[PDB]
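Chains as they are written, first to last, in the authors' numbering: chain A, 1 to 176; chain B, 1225 to 1273; chain C, 89 to 175; chain D, 298 to 592; chain E, 442 to 490; chain F, 1029 to 1175; chain G, 4 to 306; chain H, 6 to 117, 121 to 306.
Read through the structure below, which is laid out as structure tokens, and then see the notes.
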């Protein structure tokens, strides 16, 4: 749970420049296997706006909008395009808990107090705690914003999923 | 204590170097039988050795 | 702030005048405002005169009078008329 | 004395626990909300106008289609070139054949195989695996170097006699990826790695297992195979080694879409990695539940 | 000079390819004073307007 | 012509053979017995022998003379290289940085490239900063100083 | 306590081998344990040497080992002498580093020297005698400092940008010789060192008073010199990377207090000593004599 | 270990009598050598008007220390003490020792010129041997006094330096010389102060980025505390400015390398200042107290 606290402080420190707010997640056997959880190297996230444009690219478009050319010597705008694409991903902190646990009981074993509307227990073989940043530049955030989650393992393989802001925030934002 | 008194002869890639250095002469096509007075001054590898 | 940024010819006296500007605070009672705004204004005028490197006064027992800087005489007298109307 | 942020973070605690699925409903994860997050203090505005959601869904649809449009491009290219040459196709892979075979039924089996491959092709097909290395950064420079080496003039006697070694050409054995479709019991194997070399006696292709054994599915009548080369040349091969040959064009897609869909990842320095590049890695820094933690 | 023609008009003198090759192989200078000498730019442009 | 003249001053070093004459019994020398001191390590022992000698001058005036009889070489180059003041006064800079850089580039002197312990020592305490030439053909550089 | 240690070679020795051993007399050989009798397998660093494992691990292992001096090869027996603090000994230097009178020496794993030849000492089958480098304090300090800097710089970066910077960092020039640090790897020891450094820097930033913070700015306004220009380059680049703010002049001191300054500086010196301990090795020899061929020296042993 | 020192000047019997009173003093030598001239005794070699306390401290670090033994007619006998043994030494400091003190060596701040042995512009100057707390206190007082030097126009800072100069140590009081002369500070003290200020300034900037770098690997509670502390420091520091401190992420490699190397090279300057050299331990002191028996810790 230290990862969530540190990430909250870090995002608070960076909010003036980044305009990204923190989002705390828990992962278990429903998203990754035990081996994948034991060998995880990095977690990366990307912000995508309502128009399908990634945050890290130029607002007015790029040379990348042009069609590809089938020329091996050109690759696909090779080095410059590779640099532009890599630039849009951002790295997040994470910690792995490799043994079966009950989440609420674990949180109460730490210093946290827990008070839910319904206190149903949730049991998981393992847990990965990570925090992702969601971008809100205008101090407004649109429900159509999309967020991507990437997990990377030592051999360089990766797995991607994407989420849209409505599912993440519908009742939570309406509550505030 | 000047830099050089002939830029076209004392530099690593100058005209007289490629012309008279035996290492450059080998990459050109030259007849090794002919004698050359300039060779002793321009064969930099031999002088270094 | 603007005075702290500016490259004065000498930083020494500018430093203490900026300190005086920083020290200013208003009291709860209204009878003390005149003197504190007087000293704040005189330090600000000294800083402004230094910025355009005019020969500010230095006579024994004398002090810099309060006046606008680099305004046209007509505009100065218009502002004086406005202040007189306030009075 | 003052109070630390960690103490109030602990005491304030959480009050939320919610399950969120991804857009395609593949994966579910839980979100925790802390009542002491700085998120609370901001003046945040939120709105979900319908047109923005509609546009977002259209963009998401566009993101998914990138692989399938490429597969369809390969298919319609196959049909186009087949029409172009009037259905006459030459042998390109080494295999012995007999004139007594009824080639009509193997034509029919080829048609069935085309239908089945189009039914089963996926993101893990040989096309995507073959083009993915092209997106790596070193790829463009390597292609420039390969072209400059390929077309240089013949050495003069001087350079043969003196100086450096002769510049080596490309290796004779290449690495290809293939999609294998079997009809008799419907089964398609996508993205299989194969080694291709050209026979000396006749200039045909011979494909081998990565272990070196000969791949034998040219001899099996019920299977057709699609090969893709790193030069983005593709062969659609029916049994007997007779093939349909064309190039995998991809100018129907923007650079951004292909790139951001499946550009390869590149690592950053972390625990256990050598600071020098290319060194032999030590053991992987696993964190495990079988053992006591090292501390 | 007329006697020198046996050398002065041989093709090797007028061919600068080895000089250019070694000039590129040595690479641009890294000394900070030389950097000001390195930064020129030339652009082709259409003559239309 | 910049409007002023200048005089150069240079020092050159010669290698000579000397000749001296000394009168008979011009000085009295008294020697004392040697003293031996031991210094023992584990692998070896070092011995130190010291002899004390006393000299007194018995001349009413100068009883010895010297002549510089012969010379055969010049150690220095007798050149015209001028003294680099930037080496002997390394801390001084022009107060405006752009003009300082322009002057240093024009004179052919290189700024210290990065902040380092050897550079700090050179600036504060001083060091043999000049470094040797790749090849020396005329001997030491007799630097000319200008007035 | 054991002063003399017997070592037995489990391998038959030729004439050349005993010649090499009698040439090696008075060299410094590290031992894992101060036993009375050991096998030759325990001699030197070969029992621990492992590429693809890194430099820092070997450095730690060597720092834990005990040092001995070699003498008396006597026909399949060699005698090792453990020095005592404060006495005077003769030491043989087997590395390429140039010793000088009066400096302090530290023990470190061998670096990679330029000629690439290295050449072996005794080689008994698969076993080989590899000795550590006895090195003067400035070079050891530089090695540790650069290793830590490389570790801090390298994290979270791609191989591409770190390639040139690391190639530059690995190369040492010391007294007209060039060495390279052979195998740096980001490891647990280096990470805990980095964590300690980060904590110390955070405490230094927290403790520093206003006048020790503003002293450099006051000098930059008051004085001009090459050293100050070099400092101001770094500070100006940092400030410009932060904001378009021009150099602000400092203000009149608000709270002058000698006792507060004294206490705060004492705390700062505590933190600075803690940060310095990360890179300063243990001194093991102080030299005061040297052979003109730079093959041996007379040294005082320090624990 | 015996060291012989010879005088090539012309001693008088008064000079010998003045010299014999220093029979157990501590005399530093530039280097260990069997037979030396009298010019190499003491600190007189290094003294010059452009350098001061810091340079002499640094030089005294690497020098070798010797004790004196009584005199021939013309030659001085010096003894290099071995570690762990015990010797008798002379109290040349301004304060009185007592049992159990740890003694440090310092350059002399002032004299008395009462008994200087002068031989034609050469004179024998010996360092101070003082207990460790006094050495620490005066060292850091000098360092603080150097930082105040740049703005001594105000009256309160003049009162501060006035209080800072005076020192009392168990029934002894004396005044430390002011390191600033003619409104200027000597080069060595200036470099010391510049280095420590640079260290503080560099740390304040770099610490946050390296906290993030390490927290990416592991997020222990210590890094959380460091993050909170740095956030508090930035908030308090920025109270006089608008908006945000706005630290960026995309730092160039060369800038990072230069900053780290500068931080460490500045750290290397201070290493002579942060540590005192403790070489003696007094077991027994005479009632006269001008001499004592000590164990050598060199």
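No residue lacks a Cβ here, since even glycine has one placed at the ideal position from N, Cα and C.
(request) Kindly list the residues whose CB is nearer than 8 Å to the CB of residue 1054 of chain F, restricted to its own chain and excluding five residues on each side of it in sequence; keep chain order. (result) The residue you call residue 1054 of chain F lines up with position 26 of the sixth chain. 1085, 1086, 1087, 1091, 1092, listed in sequence order.
(message) Would you say residue 268 of chain G lies against chain H (beta-carbon separation less than 7 Å)?
(response) The residue given as residue 268 of chain G occupies position 265 in the seventh chain. Output row for residue 268 of chain G: interface = yes.
(request) For residue 168 of chain A, name the three-state secondary structure that DSSP assigns. (result) Counting from 1 along the first chain, the entry for residue 168 of chain A is found at position 168. Helix, per DSSP.
(request) Report buried or exposed for residue 294 of chain G, applying the criterion of at least 16 other Cβ atoms within 10 angstroms of its Cβ. (result) Here residue 294 of chain G refers to the residue found at position 291 of the seventh chain. The residue in question, residue 294 of chain G, is exposed, as its Cβ has fewer than 16 Cβ neighbours within 10 Å.
(message) Threshold first: 3 residues or longer. Then list the beta strand (DSSP E) segments lying entirely within the segment 138 to 188 of chain G, N to C.
(response) 174 to 176, 181 to 183
(request) With residue 1146 of chain F as the anchor, note down where its alpha helix (DSSP H) starts and where it stops. (result) As a first step, residue 1146 of chain F is located in the sixth chain; it is residue number 118 there, counting from the start. Taken as a continuous stretch (DSSP letters only), the alpha helix (DSSP H) holding residue 1146 of chain F covers 1145 to 1152.
(message) Can you check whether the C-beta of residue 162 of chain G is within less than 7 Å of a C-beta belonging to chain H?
(response) In the seventh chain, the residue the question calls residue 162 of chain G occupies position 159. Not one chain H Cβ lies under 7 Å of residue 162 of chain G.
(message) Tell me the residue span of the beta strand (DSSP E) that contains residue 95 of chain A.
(response) For this step, residue 95 of chain A is matched to residue 95 along the first chain. Taken as a continuous stretch (DSSP letters only), the beta strand (DSSP E) holding residue 95 of chain A covers 94 to 97.
(request) Over the uninterrupted beta strand (DSSP E) stretch that includes residue 473 of chain D, give me the two end residues. (result) In the fourth chain, residue 473 of chain D corresponds to position 176, counting from 1. 471 to 479 is the span of the beta strand (DSSP E), which, as asked, contains residue 473 of chain D.
(request) Examine chain G for any beta-carbon lying closer than 7 Å to the beta-carbon of residue 89 of chain H, and answer yes or no. (result) For the purposes of this step, residue 89 of chain H is taken as the residue at position 84 of the eighth chain. Yes - at least one Cβ of chain G is within 7 Å of the one on residue 89 of chain H.
(request) Check the Cβ-Cβ distances between residue 1249 of chain B and every residue of chain D, and say whether any is below 7 Å. (result) For the purposes of this step, residue 1249 of chain B is identified with residue 25 of the second chain, where counting begins at 1. Judged by the 7 Å Cβ criterion, residue 1249 of chain B is not in contact with chain D.
(request) With DSSP as the reference, label residue 71 of chain G as helix, strand or coil. (result) For the purposes of this step, residue 71 of chain G is taken as residue 68 along the seventh chain, with counting starting at 1. The answer is strand: DSSP assigns residue 71 of chain G an E or B state.
(request) Determine the contact status of residue 57 of chain G and residue 190 of chain G, defining contact as a CB-CB distance below 7 Å. (result) Here residue 57 of chain G corresponds to residue number 54 of the seventh chain, with the count starting at 1. Here residue 190 of chain G corresponds to residue number 187 of the seventh chain, with the count starting at 1. Contact: yes.
(request) Taking all protein chains shown into account, decide if residue 1071 of chain F is buried (16 or more other Cβ within 10 angstroms of its Cβ) or exposed. (result) The sequence position of residue 1071 of chain F within the sixth chain is 43, counting from 1. Burial call: exposed.
(message) With a threshold of 7 Å between beta-carbons, can residue 188 of chain G be considered close to chain D, or not?
(response) The residue given as residue 188 of chain G occupies position 185 in the seventh chain. Cβ-Cβ to chain D under 7 Å: yes for residue 188 of chain G.
(request) Can you check DSSP and say which residues form a bridge with residue 102 of chain A? (result) Here residue 102 of chain A refers to the residue found at position 102 when the first chain is read from its first residue. Beta-bridge pairing links residue 102 of chain A to A/123.
(request) Starting from residue 137 of chain G, find everything on chain H with Cβ-Cβ shorter than 8 Å and list it in chain order. (result) Here residue 137 of chain G refers to the residue found at position 134 of the seventh chain. Neighbours of residue 137 of chain G on chain H: none; closest Cβ ~19 Å, over 8 Å.
(message) Distance cutoff 7 Å, beta carbons only. Does residue 24 of chain G sit that close to anything in chain F?
(response) The residue you call residue 24 of chain G lines up with position 21 of the seventh chain. It does not; no Cβ of chain F falls within 7 Å.
(message) Quick check: residue 324 of chain G and residue 177 of chain G, are their CB atoms within less than 7 Å of each other?
(response) For residue 324 of chain G there is no data in the structure shown, the boundaries of chain G being 4 and 306.
(message) DSSP has residue 316 of chain D in a bridge; who is on the other side?
(response) Locating residue 316 of chain D in the fourth chain gives position 19, counting from the first residue. Answer by DSSP bridge pairing, in chain order: D/327.
(request) Would you mind working out which of H/72, H/124, H/235, H/281 sits nearest residue 19 of chain H, comparing C-alpha positions? (result) For this step, residue 19 of chain H is matched to residue 14 along the eighth chain. When only C-alpha atoms are compared, the closest one is H/124.
(request) Can you say whether residue 71 of chain H is buried or exposed, counting buried as having 16 or more other CB atoms within 10 angstroms of its CB? (result) Here residue 71 of chain H corresponds to residue number 66 of the eighth chain, with the count starting at 1. Buried.
(request) Check whether the Cβ atoms of residue 107 of chain A and residue 96 of chain A lie closer than 7 Å to each other. (result) For this step, residue 107 of chain A is matched to residue 107 along the first chain. For this step, residue 96 of chain A is matched to residue 96 along the first chain. The answer is no: Cβ separation not under 7 Å.
(request) Kindly indicate which three-state DSSP category residue 1131 of chain F falls into: helix, strand or coil? (result) For the purposes of this step, residue 1131 of chain F is taken as the residue at position 103 of the sixth chain. DSSP places residue 1131 of chain F in helix when its eight states are reduced to three.
(request) Return the CA-CA distance between residue 510 of chain D and residue 503 of chain D, expressed in angstroms with no decimal places. (result) The sequence position of residue 510 of chain D within the fourth chain is 213, counting from 1. The sequence position of residue 503 of chain D within the fourth chain is 206, counting from 1. Computed Cα separation, rounded: 11 Å.
(request) State yes or no: is the C-beta of residue 59 of chain H within less than 7 Å of the C-beta of residue 200 of chain H? (result) Locating residue 59 of chain H in the eighth chain gives position 54, counting from the first residue. Locating residue 200 of chain H in the eighth chain gives position 192, counting from the first residue. Result yes, Cβ atoms of residue 59 of chain H and residue 200 of chain H sit closer than 7 Å.
(message) Taking its Cβ as the centre, do 16 or more other Cβ atoms sit within 10 Å of residue 148 of chain G, making it buried, or is it exposed?
(response) The residue you call residue 148 of chain G lines up with position 145 of the seventh chain. Flag for residue 148 of chain G reads buried.
(message) For a contact defined as C-beta to C-beta under 8 Å, what are the partners of residue 252 of chain H on chain A?
(response) As a first step, residue 252 of chain H is located in the eighth chain; it is residue number 244 there, counting from the start. Neighbours of residue 252 of chain H on chain A, chain order: 16, 17.
(message) Counting only beta-carbon separations shorter than 7 Å, does residue 165 of chain H have a partner in chain A?
(response) Translated into positions along the eighth chain, residue 165 of chain H becomes position 157. No, its Cβ sits nowhere closer than 7 Å to a Cβ of chain A.
(request) List the whole-angstrom C-beta distance separating residue 23 of chain A from residue 164 of chain A, where the pair is believed to meet the contact cut-off of C-beta under 8 Å. (result) Here residue 23 of chain A corresponds to residue number 23 of the first chain, with the count starting at 1. Here residue 164 of chain A corresponds to residue number 164 of the first chain, with the count starting at 1. Taking the Cβ atoms as the reference, residue 23 of chain A lies roughly 13 Å from residue 164 of chain A, outside the contact range of under 8 Å.
(request) Name, in chain order, the residues that DSSP records as bridge partners for residue 132 of chain A. (result) Translated into the one-based positions of the first chain, residue 132 of chain A becomes position 132. A/23, per the DSSP bridge assignment.
(request) May I ask you to list the residues that DSSP assigns as paired with residue 1090 of chain F? (result) On the sixth chain, residue 1090 of chain F is found 62 positions in, with the first residue counted as 1. BP columns for residue 1090 of chain F are empty, so no partner.
(message) If I measure Cβ to Cβ from residue 253 of chain G and keep anything under 7 Å in the same chain, skipping five residues before and after, which residues do I get?
(response) Numbered from its first residue, the seventh chain carries residue 253 of chain G at position 250. Excluding positions up to five away in sequence, the list reads 217, 220, 221.
(request) Please decide whether residue 98 of chain C counts as near chain G, where near means a Cβ-Cβ distance under 7 Å. (result) Translated into the one-based positions of the third chain, residue 98 of chain C becomes position 10. No, because no Cβ of chain G sits closer than 7 Å to the Cβ of residue 98 of chain C.
(message) Out of A/17, A/26, A/9, which one is the CA nearest neighbour of residue 313 of chain D?
(response) Translated into positions along the fourth chain, residue 313 of chain D becomes position 16. Taking only the C-alpha atoms, the option nearest residue 313 of chain D is A/26.
(request) Could you please give the first and the last residue of the uninterrupted alpha helix (DSSP H) stretch that includes residue 270 of chain G? (result) Here residue 270 of chain G corresponds to residue number 267 of the seventh chain, with the count starting at 1. Residues 261 to 279.
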